[PDB]
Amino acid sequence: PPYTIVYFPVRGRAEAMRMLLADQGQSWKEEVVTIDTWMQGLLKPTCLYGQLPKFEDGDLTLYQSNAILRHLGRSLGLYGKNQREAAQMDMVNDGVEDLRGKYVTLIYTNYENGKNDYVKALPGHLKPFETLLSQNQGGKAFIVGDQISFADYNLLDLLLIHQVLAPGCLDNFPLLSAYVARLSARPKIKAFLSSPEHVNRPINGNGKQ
């Protein structure tokens, strides 16, 4: 620490980490980078992969949203209780990422003409998480194990935005629905989800959700 997040004025791939930091009683600084400033091309060249978010943890500067989540999961004891849970947690996050990737594609390059096919294919992409929950304490705990982890925050964020994209998409997935309500009920997460910093911040950057 301290923690500094450099990203555009949206939730996107920074919202899950923000949620994680809040739930963990952590404080951080927001360095907002507007699209206009970005289009000037000054900062972009200084970014490892030419993209944001960029994270700062003390003398450590990081890029890649999932590397950041994993770094927090590890430095905050949110990566399972043994090596086996760490692997399962990675397997879950990689899955959350694959779906997030498809989400972004739809939102930014084919919303109007691709939304119907997306929502149609959505159940097939959600079932895997529903299945995982059913095999872990009847879905009464977390995605992996009985302790929250970095994967939970990413999964939760993705589920929350899909409910915005497609209301009722979790109606046929009771475990996922209860899971979302449960983790959302966590006091520090509930406070974050209703905080002005979050609400006043759009999900994406093209005004679509």
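Note that residue numbering follows the sequence shown and begins at 1.
A.B. asks: Per the PDB record, is the mean Cα temperature factor higher over 155-163 or over 26-34?
C.D. replies: In the deposited entry, the stretch with the higher C-alpha B-factor mean is 26-34.
A.B. asks: For the higher mean C-alpha B factor in the entry, choose 174-182 or 50-58.
C.D. replies: Higher of the two, by average CA B-factor, is 50-58.
A.B. asks: Which third, lowest, middle or highest, does the C-alpha temperature factor of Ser134 belong to within its own chain?
C.D. replies: Its C-alpha B-factor belongs to the middle third of this chain's values.
A.B. asks: Lowest, middle or highest third: where is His125 by C-alpha B factor in its chain?
C.D. replies: According to the entry, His125 has a C-alpha B-factor in the chain's lowest third.
A.B. asks: Compared with the other modelled residues in the chain, in which third is the CA B-factor of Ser65?
C.D. replies: It falls in the bottom third of the chain.
A.B. asks: Rank-wise, by C-alpha B-factor, drop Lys81 into the lowest, middle or highest third of its chain.
C.D. replies: According to the entry, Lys81 has a C-alpha B-factor in the chain's middle third.
A.B. asks: Can you work out whether the C-alpha temperature factor of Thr109 puts it in the lowest, middle or highest third of the chain?
C.D. replies: Its C-alpha B-factor belongs to the highest third of this chain's values.
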